[PDB]
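Engineer: Quick one, what's the 3D model for this:
(11 chains)
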Amino acid sequence: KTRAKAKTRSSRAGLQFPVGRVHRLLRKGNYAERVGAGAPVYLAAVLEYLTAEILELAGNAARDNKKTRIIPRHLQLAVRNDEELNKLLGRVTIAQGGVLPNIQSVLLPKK
Amino acid sequence: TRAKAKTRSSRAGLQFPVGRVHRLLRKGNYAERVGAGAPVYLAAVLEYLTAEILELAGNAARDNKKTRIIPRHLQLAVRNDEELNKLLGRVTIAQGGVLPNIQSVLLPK
Amino acid sequence: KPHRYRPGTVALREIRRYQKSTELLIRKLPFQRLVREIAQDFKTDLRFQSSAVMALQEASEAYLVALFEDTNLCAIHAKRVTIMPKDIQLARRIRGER
Amino acid sequence: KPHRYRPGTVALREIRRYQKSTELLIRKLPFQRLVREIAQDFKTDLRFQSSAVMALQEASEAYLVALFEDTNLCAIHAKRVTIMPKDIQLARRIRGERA
Amino acid sequence: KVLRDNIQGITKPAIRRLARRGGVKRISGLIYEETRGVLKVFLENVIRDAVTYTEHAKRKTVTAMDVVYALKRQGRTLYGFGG
Amino acid sequence: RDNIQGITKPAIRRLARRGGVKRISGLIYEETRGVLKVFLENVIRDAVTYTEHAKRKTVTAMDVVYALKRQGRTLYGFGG
Amino acid sequence: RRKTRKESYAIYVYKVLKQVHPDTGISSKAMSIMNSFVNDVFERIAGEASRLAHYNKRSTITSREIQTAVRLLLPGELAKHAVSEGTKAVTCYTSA
Amino acid sequence: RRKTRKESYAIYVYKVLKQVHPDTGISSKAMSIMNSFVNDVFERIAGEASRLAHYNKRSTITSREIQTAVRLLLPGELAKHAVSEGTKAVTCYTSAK
Amino acid sequence: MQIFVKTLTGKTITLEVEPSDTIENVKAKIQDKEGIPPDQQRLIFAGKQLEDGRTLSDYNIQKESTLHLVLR
DNA sequence: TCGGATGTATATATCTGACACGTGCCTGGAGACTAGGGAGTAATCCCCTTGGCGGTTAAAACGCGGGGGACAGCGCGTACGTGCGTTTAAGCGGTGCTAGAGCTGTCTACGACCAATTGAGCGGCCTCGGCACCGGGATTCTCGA
DNA sequence: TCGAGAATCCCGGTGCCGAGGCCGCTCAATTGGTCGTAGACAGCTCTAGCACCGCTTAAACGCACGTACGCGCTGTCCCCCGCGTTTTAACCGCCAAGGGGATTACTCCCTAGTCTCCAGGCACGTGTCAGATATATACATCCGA
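Structural biologist: Numbers count the residues shown, from 1 in each chain, chains lettered A, B, ... in the order given. Please find the structure below.
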């Protein structure tokens, strides 16, 4: 009767996001009567993938401007320049973001 | 012995089922517990809205010398009132149609 | 000698006539064939209920009518009577679609 | 003779300068006072957290910038360069906001 | 049976009738192709969503409820067909 | 209390310049002021309703985010 | 070999219609449209009430949540009249 | 002094960032924005899954509902990649014990 | 030098390697002392995937370094 | 500015298919009782909001010269509206047939719930390096001749 | 076409404050075990979706003709733009006071759950009349002399 050493559920799935916290939030969120044993793994994997994509693009954009930290402008530049992510966050405004540097062609000086 | 049963809608003086609304609230996965006053409020609000729309539609139909109500009358009643149009701004009604308006520029001289 | 109306009268007549009625405008069978051909690309050997086709036709007709109204407004804004493709493009761009 | 630029160059310079950066554009105190005056009607003796005022300012600025972009497109469509109130009205009507 | 070239079934007079109901008075000669493309895109999106919905239920027949749900999910809900 | 006049003409000019406008007519300012007033009234009404239901006396930053999210205008970075 | 039971709102809509206009009928499609309208509105109000209750760290929904959700959803005059009707109905039910 | 504990996805976001870019920092505002983004996506997916389960008169949320909701919300390429990642994670969790 | 390679099961093995030694030499020694085929060895040190064409000095893998191994 | 020709509105018979209504019944709602935790209320602490005063400095406000842009007017020719004869396939009415939606048993694997416990995650402190700021020079633009 | 002024960028030096990391500990995720039912699979029944064939006629198609509208071009007048001078209030720093938000403990009562009983809402079947068609006639409107 010796209990085995504890292993986090995220460790078995080879993930980084917490499986147990997601499971608790699903159970306490008033979504359904009962929750299966596989949904938290799927949700954690999806969230991790999306976070990794966003962070990679933002880091590339920050490295472009010779900076070692990420600020909201870098996140805005990363999001707005990818059509897929721009379509995802269509109706979301980011604080301290700014706009893309574009100008209409006709307004340019003649000659 | 036991006393005779009286429906809760009769006690509240309504025409919509209070018990059915209570059951739908309980089984709809909205909250852990449901109070005893929400169904009455919900039924009253729904009855008021239904009565308003039905009155407007009946008036519109009677303007067209008809005895029954068809979807065109409902569309005319909804689109010709401000607040009702605002409430249903993203809803399309089957067999409805449109409102008879023409831009003034296209009219002949 | 033959009686001919001036250009524009018949257009207004049809405008009034088709704004007074509520029946469908597109034919049924070609629309059903189009729907089946489009749906063939996602899963083969599919079957449809008639009410589904009717609902699709109603929604598409309403969408097209609203788009044409917006296009007419855009065309009128620029001192014109005739609608042109750039009006449709501008309306779609402003509405928030890609 | 004093050195003067032709009309239009400074406008493009201002466009580049203000669209490169990411600061706010409206003075804080007048906006806070306006928010307080507007909210006074709905309920008397209210109080505000500073972050709420900041959020309101950010949202308003974003909305105005987007509206101006759409208005500029509408103006350009009609073979012009200067925006006019009718352009704002047309953009608001098409967007579905104005009834 | 595999069916090809049904987009041309939307004849020019049908588009003209739709425009007349919309309030248009004069029509240019290049509108029809643009209208056909727009309609094709719209149908593609709605049909994709409905087919996904009917796939989840392990069925093989698309019902009206799937179309209603797919239309609602895009914020253009439809009344008069159940639900 | 004519505090709507605090939105000076140069501020509107700066906003338009960021938007991408090159020439501005002399009657834009009134329209801009009216539009901003309407938007602020709607948002503040919703936020005050939320605060009143919460049974408090000072509006928080959270109910502003909630009111904005209700109108399909989600905002990021303010404790959402 | 009979079918299963399908619940609906037809009887109550007919009762209200006969209360308002005593000499007017209604066809089937209009009844379906009204049924859809009732279901839609019920869903919106219930969802808003649930979110409001979750926001304030509560585990129940009472008349106050419904009243606030109604005030949030509907425009001005409709909100005022509906609030008055709901309050009157609740008071009349409690008194009996 | 008594302080209530607040939960956030800050540590996991930092772990992912250090996994992708070995040498790059992040400020507090960016962390708050990422926390809000994660919460928003979680809420959307969970609500879609709940509605989808309720449509088919069932009482359980399983991986199939999550997969269908993900395919419904995300566009094409993102949906494909997310589906692959979720399937791989679930298989790895099941095979091990 | 001596380096540490930690497997997926929580076991750390010691490799008597050199900075000039390629990652393929590390894989060969790991296979010799544990039986893990080089093609099934997935390696990270300092957040960099280890490539057989590169050496231990390329990844700045020095003595007493900690390396993570996956056999999936 | 009149008058002929065309399309639309108005009045009457008539026949059919959908609406309104009467039954049977069976499942869902109502009456009576218990028990147990969620929510209302009182008391306390201290943190954050509001208010006032001085300076200082950058931004707001006002006036003027002028050049480019909005707008009206004119001419042309070309694409689109209208009408007629010809060709095509949509629409309606039947008749067959079977794939698949829908309902009933059953039986087992999976999720909820509970007690002990122990390692992950959050609050507090600090320390030092990345980024902000100022001064200077090289560079890249624009406008008059 | 070419050169004289302004605005912008790259480089170097200096200083500050917040981001990355370490400790301590308390509450939530793990582990082991029991029990009840949600749903997966098999079987059967009946409907409605698919396919074919014939006929009728309304709608789509193609062609000819004329005209009105889209578009380029020119001239005028005036109204925003760039620049200089004067005025003001925003902003930063500091100092005081207190109201309302955030916890903590205690207690009554409001709701979930169970059993028993009966009546209201739904599926089914039927009659009859509101309105959709067909026919004829009166009236409003458009375009040429």
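
Engineer: how about the strands of chain C, start to end?
Structural biologist: Here chain C has its strands, by DSSP state E, at C:47-48, C:82-83.

Engineer: so, in contact with chain D or not, the last one?
Structural biologist: No: on the criterion CB under 8 Å from any CB of the partner chain, strand C:82-83 is out of touch with chain D, staying 13.2 Å away. Where C-beta positions appear, they are placed from N, C-alpha and C, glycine not excepted.

Engineer: Quickly run through the sheet partners of that strand, with directions.
Structural biologist: Strand C:82-83 has the following strand partners under DSSP bridges: strand E:26-27 (parallel).

Engineer: downstream neighbour of the strand it pairs with in the secondary structure list?
Structural biologist: Next in sequence after strand E:26-27, counting helices and strands by DSSP states H and E, comes helix E:31-56.

Engineer: and the residue in chain I that DNA strand K sits nearest to, how many neighbours?
Structural biologist: In chain I, no residue comes nearer to DNA strand K than residue I:47, which is 12.2 Å away by CB to the nearest atom of the strand. When counting by other CB atoms under 10 Å in any protein chain shown, one arrives at 12 neighbours for residue I:47.

Engineer: Just give the closest residue to it, not the sequence neighbours.
Structural biologist: Leaving out its chain neighbours, the residue that sits closest to residue I:47 by CB to CB, 6 or more residues apart in numbering or on different chains is residue H:22, at 3.8 Å.

Engineer: And the one you found, its phi and psi?
Structural biologist: Main-chain dihedrals, residue H:22, degrees, to the nearest 10: phi -60, psi -30.

Engineer: from memory it sits against residue I:49, does it?
Structural biologist: No: look at residue H:22 against residue I:49 with CB atoms under 8 Å: they stay out of range, at 11.2 Å.

Engineer: What are the neighbouring residues in contact with residue E:42?
Structural biologist: Applying CB atoms under 8 Å, 6 or more residues apart in numbering or on different chains to residue E:42 gives the contacts C:60, C:63.

Engineer: the helices in chain C, which residues?
Structural biologist: Shown for chain C, the helices assigned by DSSP state H span residues C:9-20, C:28-39, C:50-77, C:85-95.

Engineer: Kindly compare burial across these and name the winner.
Structural biologist: For the helices of chain C, the largest average neighbour count (mean count of other CB atoms under 10 Å in any protein chain shown) is found in helix C:50-77, namely a mean of 20.

Engineer: That one to helix D:50-77, inter-axis angle?
Structural biologist: Relative orientation of helix C:50-77 versus helix D:50-77 (axes from the mean of the first three to the mean of the last three CA atoms, to 10 degrees): 70 degrees.

Engineer: isn't there a helix covering residue I:15?
Structural biologist: No: counting by DSSP: H, G, I helix; E, B strand; the rest coil, one finds residue I:15 to be strand, located in no helix.

Engineer: partner residues bridging it?
Structural biologist: The partner residues for residue I:15, given DSSP bridges, come to residue I:3.

Engineer: What number of residues are in the vicinity of it?
Structural biologist: Residue I:15, neighbours per other CB under 10 Å, totals 20.

Engineer: And residue E:45, by the same measure?
Structural biologist: For residue E:45, the count of nearby residues is 11 (other CB under 10 Å).

Engineer: Stretch E:75-83 and chain B in contact?
Structural biologist: Yes: counting by CB under 8 Å from any CB, chain B is contacted by stretch E:75-83 at E:75, E:76, E:77, E:78, E:79, E:80, E:81.

Engineer: Put together JSON lines for the residues you listed, with secondary structure and neighbour count on each row.
Structural biologist: What follows is these, written out as JSON lines (DSSP: H, G, I helix; E, B strand; the rest coil; neighbours: other CB atoms under 10 Å in any protein chain shown):
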{"residue": "E:75", "secondary structure": "coil", "neighbour count": "8"}
{"residue": "E:76", "secondary structure": "coil", "neighbour count": "17"}
{"residue": "E:77", "secondary structure": "coil", "neighbour count": "18"}
{"residue": "E:78", "secondary structure": "strand", "neighbour count": "21"}
{"residue": "E:79", "secondary structure": "strand", "neighbour count": "24"}
{"residue": "E:80", "secondary structure": "coil", "neighbour count": "24"}
{"residue": "E:81", "secondary structure": "coil", "neighbour count": "20"}
